[PDB]
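Protein chains in written order, with PDB author numbering: chain C, 152 to 185; chain B, 42 to 174, 197 to 324; chain D, 12 to 137; chain A, 135 to 372. See structure below.
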Amino acid sequence: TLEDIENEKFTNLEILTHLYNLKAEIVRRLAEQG
Amino acid sequence: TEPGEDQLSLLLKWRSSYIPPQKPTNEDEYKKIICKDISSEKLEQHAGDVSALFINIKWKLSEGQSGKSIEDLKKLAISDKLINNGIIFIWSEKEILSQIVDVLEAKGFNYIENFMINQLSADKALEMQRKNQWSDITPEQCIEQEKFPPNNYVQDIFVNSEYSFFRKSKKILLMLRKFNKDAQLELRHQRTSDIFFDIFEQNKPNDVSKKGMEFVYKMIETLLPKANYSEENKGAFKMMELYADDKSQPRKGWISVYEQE
Amino acid sequence: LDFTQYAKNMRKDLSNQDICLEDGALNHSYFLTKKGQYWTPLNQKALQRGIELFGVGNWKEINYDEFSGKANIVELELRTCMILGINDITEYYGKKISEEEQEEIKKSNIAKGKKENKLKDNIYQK
Amino acid sequence: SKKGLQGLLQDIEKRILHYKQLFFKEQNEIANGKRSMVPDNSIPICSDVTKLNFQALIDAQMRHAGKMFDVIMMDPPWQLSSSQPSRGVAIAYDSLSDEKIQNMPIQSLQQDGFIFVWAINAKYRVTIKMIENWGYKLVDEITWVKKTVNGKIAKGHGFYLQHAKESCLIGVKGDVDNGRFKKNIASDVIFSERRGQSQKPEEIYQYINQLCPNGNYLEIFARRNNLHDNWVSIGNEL
DNA sequence: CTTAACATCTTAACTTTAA
DNA sequence: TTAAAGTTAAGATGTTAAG
Ligand SMILES: C[S@@+](CC[C@H](N)C(=O)[O-])C[C@H]1O[C@@H](n2cnc3c(N)ncnc32)[C@H](O)[C@@H]1O
C-alpha cells in the first residue's frame, strides 16, 4: 500500500527507499501488463 | 481536583476496597504459641509443613535501633518439621540486604521477588495543601479516615528520612522460595502488583497501617490458595507468622508466634 | 580544570573518528541520523572519485568500488543530486565530470535557479 | 485496473518529490550547522566492551583530569526473551552472560566512588554478587516506579507478582569523606513514565549529579538517549 | 545449555456503534 | 459529532519440554 510506509516512526531515508522499491513494483507490474 | 480525583486519590483507591475483618473467636483458626524468646524457643515442635512464613522483625539499623539484629537471624532454626516447600516473607533493608540474603541462602531459601511500599507522608500532604491554600488535623485521623489532601504531583510528598546516602523511602518485603523435590507448590499468582502506594506518618515510618498489612496478608493469601482455610486446616495450619503483636496478626489459618517481655 | 578542554582531550584520545571532529569538537551531523546510515566525508570523497573513475548513471559498479556496505543505490543517487545540483539525473547519463567542473555547474545550477525565481533550498528543479 | 495503478504511480511520484525536498532541506540544514540534542561536552565511545581496551581509557582519564572516575553507571544486557517473547516484553538488543559481564575490569577503573548497576528480577542476586566481589560494598538501592500517560502505576506482567518497578544497586568503593560526594540527597524512588524500551528515566542522571557535582562519570551499555554532559559513555549502537 | 513455548495479568490507544 | 463500550498491543515473568 501507500499509507503503510508513511509512519511517524520511520526516518526519511527508510520511507524514501520504501517508495523507490514501490516504484520498482509498479514498473514490474506495467512490464507484466504490457 | 474539583471532583476529588488527583494523583494521590488515583493511587489510593485500593484503600476503600480492603476493610479489616473482626477478631476470630472460634478457637479453631488462631494458634497462640506465645513463648518467652523466639531465639530461646524451640521451633518446629508444635507447627509443621507450612507454606508461607512471615517474619515481622524490626531490623537493627544501628546501635540505637530498638529492634532485632541479624544475630537473632543466625540463631533461627528451620527444618523439615517447619517450612519445607513454602516461602519466607521477611522485612529487608539496604544496609543489611547482602547479609540477609546470604544467611538465608545458607538455610535453603533463595530470593524470588520483591514487593515494596511507596511511603507517602500525610504530614507532607497537609503541609503542601496548607501552603497552597484544612487545619486542626494531625495525620492520625488522616490515616483513620479517607479525607486525604489533594495532590497532582506526588513525588514531592514522599517521606524525609535521615540516611547518609540517597534518602530512604522504602519498605521492601523480601520473598524467598524453598524449592523442594516431589512436591509441587500450588500458586495463584500475578494477582497483585509489586508496588502499592501507602500513606505513612511523619517521624514514625517503621510500621504499615492496618489496611497496608491487610493488603500484604491478602496478597499472600491469594498467592498461595491451598494454605488458607479449605475444610482441612484443623490445628495444623499451613501459614505461620513470627514475632507478631496484638494488632493484626491472629488470622483464620495463621499460626501466630509472639514475643514475651 | 574546565570540562570543555577536558572533553575535547578525551574525544581526541579515545573517541571514534565519526564522533569527534579534527580539533576535538563534537560531530553533530552524525548524531541526528541513524546508526550506520551517516554520510561520512570519506564516503563523500569516495563518491566524488568514483564518479570519474567509473561510468555514471548505473551505480552498481559505483557501489562495487564504494565502501561495500551501507551504500544503497538510492542514497548515492539522492546525494549526487545535490553534488551536481539537479534532480534530473536520467538526462545526464554517460557524462563523466570531475570535481572542478562539478562545482562549476553546481554554481551554474544555483545561479539559473536564482534567475528563474523559484529556487527552493539551494536546489534547482527540472 | 490500469488507471488505478497508474494513478498510484503518479501519487508515488508526488510523494517522492515531497520526500526528496524534505531530505534535501534536512541535508542543507545539516551542512548549514544544525546542532543535535547531544550536549557538547559528552564523551561517547562506540565499541563492544568485551573487545574494549580499558588500558587506553585508564591512561587518558588519569592524564587529563588528574583523577579517576567517581561514578560508574551500568545497565547490563541480561539474558531475557530475545525478539518474540510471545507473552510479554521484547528485549530488542543482544544479551550478555554473567561471566562476560563479570570479566571486564571495573576495580581498576575506580579507587574512590560509587557504582550504579541496574538489575532485573531474575538477576538481583547475580548483581549483588558482582558488586560484592568487585571490591564494592552494598550500600543503597534506587527503584524506578513506572507511571503511565495519565499518572497511575503502570503494571507489567510477572510470575509471582505483577511487575511495576525497576531495581538499581549502589555500592561504594573507597574513601567518600572528602569535598565531593555530598550526603543526604535525592530519593531512592523515581516515579516516572515509560518513555521507551528499557529506557531508564532521566532523573537518575539528575540524582547522580546531585550526588557529586562536576565529577568524572563513566557509563557502560549506553544508547543515544542520555549521552549527558561531562559523561564518558560506552555503547554498542552509539 | 540454549531457545521456544507456557497464564495463572493490567492499561492505554485504536476501532466500531448507538445516540 | 460524541461518548461509550469492544479490541488490541505493550509492558526489562519465572518454569519446563526438546533436542
Ligand atoms: C539495557 S540496554 C541500554 C539501555 C540504556 N541504559 C537506557 O537507559 O535505555 C544495553 C545496551 O548495551 C549495549 N550492548 C549490548 N550488548 C553489548 C555487548 N556485548 N558489548 C557492549 N555493549 C553491548 C547495547 O547498546 C544495548 O542497547
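We put the CB at the ideal spot given by N, CA and C, even for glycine.
6 Å Cβ shell around residue i - same chain, five flanking residues per side excluded
{"i": "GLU300 (chain A)", "result": "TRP278"}
{"i": "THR255 (chain B)", "result": "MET282"}
{"i": "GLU154 (chain B)", "result": "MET238"}
{"i": "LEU161 (chain B)", "result": "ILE220, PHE260, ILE262"}
{"i": "residue 375 (chain A)", "result": "One cannot answer for residue 375 (chain A) here, as it falls past the ends of chain A, which runs 135 to 372."}
{"i": "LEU167 (chain B)", "result": "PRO212"}
{"i": "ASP274 (chain A)", "result": "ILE304"}
{"i": "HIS297 (chain A)", "result": "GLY290"}
{"i": "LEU25 (chain D)", "result": "none"}
Counted within 10 angstroms of its Cβ, other Cβ atoms place residue i as buried (16 or more) or exposed
{"i": "residue 189 (chain B)", "result": "The model of chain B omits the segment between 174 and 197, and residue 189 (chain B) is among the residues lacking coordinates."}
{"i": "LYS301 (chain B)", "result": "buried"}
{"i": "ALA256 (chain A)", "result": "exposed"}
{"i": "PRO239 (chain A)", "result": "exposed"}
{"i": "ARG179 (chain C)", "result": "exposed"}
{"i": "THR91 (chain D)", "result": "buried"}
{"i": "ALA320 (chain A)", "result": "buried"}
{"i": "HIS152 (chain A)", "result": "exposed"}
{"i": "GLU277 (chain B)", "result": "buried"}
{"i": "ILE265 (chain A)", "result": "buried"}
{"i": "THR15 (chain D)", "result": "exposed"}
{"i": "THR261 (chain A)", "result": "buried"}
{"i": "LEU58 (chain D)", "result": "buried"}
{"i": "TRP197 (chain B)", "result": "exposed"}
{"i": "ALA18 (chain D)", "result": "buried"}
{"i": "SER139 (chain B)", "result": "buried"}
{"i": "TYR216 (chain B)", "result": "exposed"}
{"i": "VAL283 (chain A)", "result": "exposed"}
{"i": "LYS307 (chain A)", "result": "buried"}
{"i": "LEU345 (chain A)", "result": "buried"}
{"i": "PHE130 (chain B)", "result": "buried"}
{"i": "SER231 (chain A)", "result": "exposed"}
Beta-carbon gap between residue i and residue j smaller than 9 Å
{"i": "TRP55 (chain B)", "j": "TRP100 (chain B)", "result": "no"}
{"i": "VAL91 (chain B)", "j": "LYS115 (chain B)", "result": "no"}
{"i": "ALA299 (chain B)", "j": "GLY108 (chain B)", "result": "no"}
{"i": "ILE206 (chain A)", "j": "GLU371 (chain A)", "result": "no"}
{"i": "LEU87 (chain D)", "j": "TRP70 (chain D)", "result": "yes"}
{"i": "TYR321 (chain B)", "j": "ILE96 (chain B)", "result": "no"}
{"i": "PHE150 (chain B)", "j": "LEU236 (chain B)", "result": "no"}
{"i": "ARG149 (chain A)", "j": "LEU170 (chain C)", "result": "yes"}
{"i": "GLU327 (chain A)", "j": "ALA288 (chain A)", "result": "yes"}
{"i": "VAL223 (chain A)", "j": "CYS302 (chain A)", "result": "no"}
{"i": "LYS267 (chain B)", "j": "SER311 (chain B)", "result": "no"}
{"i": "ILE111 (chain B)", "j": "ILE79 (chain B)", "result": "no"}
{"i": "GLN86 (chain B)", "j": "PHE293 (chain A)", "result": "no"}
Residues near residue i in its chain [Cβ-Cβ closer than 8 Å; skip 5 each side]
{"i": "residue 406 (chain A)", "result": "No information on residue 406 (chain A) is available, as it lies outside the stretch 135 to 372 that chain A covers here."}
{"i": "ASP164 (chain B)", "result": "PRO202, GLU264, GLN265"}
{"i": "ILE324 (chain A)", "result": "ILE276, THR277, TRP278, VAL279, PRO335, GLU337, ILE338, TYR341"}
{"i": "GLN106 (chain B)", "result": "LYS99, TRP100"}
{"i": "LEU95 (chain D)", "result": "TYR103, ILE108, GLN113, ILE116, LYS117, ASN120"}
{"i": "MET169 (chain B)", "result": "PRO212, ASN214, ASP219, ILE220"}
Neighbourhood of residue i by C-beta distance below 7 Å, restricted to the same chain and skipping five residues each side
{"i": "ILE158 (chain B)", "result": "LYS234, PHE259, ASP261, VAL271, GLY275"}
{"i": "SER224 (chain B)", "result": "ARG230, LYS231, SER232"}
{"i": "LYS64 (chain B)", "result": "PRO313"}
{"i": "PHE65 (chain D)", "result": "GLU72, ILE73, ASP76"}
{"i": "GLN323 (chain B)", "result": "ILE75, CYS76, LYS77"}
{"i": "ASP309 (chain A)", "result": "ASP246"}
Closer than 8 Å: residue i CB and nearest ligand 2 heavy atom
{"i": "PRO62 (chain B)", "result": "Ligands in the displayed structure: ligand 1; ligand 2 is not one of them."}
Unbroken stretches of the alpha helix (DSSP H), 4 residues or longer, contained in the segment 26–75 of chain D: 52–64, 71–75
Residues of the segment 326–355 of chain A whose Cβ lies closer than 8 Å to any Cβ of chain C, in chain order: none
Contact residues within the segment 39–52 of chain D, judged by C-beta distance below 7 Å to chain A: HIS39, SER40, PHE42, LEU43, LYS46
Interface residues of the segment 154–171 of chain A facing chain D [CB-CB below 9 Å]: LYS154, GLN155, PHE157, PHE158, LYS159, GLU160, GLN161, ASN162, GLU163, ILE164, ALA165, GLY167, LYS168, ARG169, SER170, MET171
Ranges of the beta strand (DSSP E) found wholly within the segment 207–274 of chain A, counting only runs of at least 3: 248–253
Complete beta strand (DSSP E) runs within the segment 76–153 of chain B (minimum length 3 residues, chain order): 93–96, 128–132
Alpha helix (DSSP H) runs wholly inside the segment 47–72 of chain B, at least 4 long, in chain order: 48–52
Contact residues within the segment 160–181 of chain C, judged by C-beta distance below 8 Å to chain A: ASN163, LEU164, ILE166, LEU167, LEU170, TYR171, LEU173, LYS174, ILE177, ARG180, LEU181
Under 9 Å (Cβ pairs) to chain A, residues found in the segment 224–243 of chain B: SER224, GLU225, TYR226, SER227, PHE228, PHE229, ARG230, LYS231, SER232, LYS233, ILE235, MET238, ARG240
Cβ-based contacts, 8 Å cut-off: residues of the segment 196–223 of chain A near chain D: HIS198, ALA199, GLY200
Selection of the segment 14–42 of chain D by Cβ proximity to chain A, strictly under 7 Å: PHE14, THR15, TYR17, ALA18, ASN20, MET21, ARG22, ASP24, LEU25, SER26, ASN27, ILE30, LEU37, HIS39, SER40, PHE42
Residues from the segment 244–255 of chain B in contact with chain A, defined by Cβ distance under 7 Å: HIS252, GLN253, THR255
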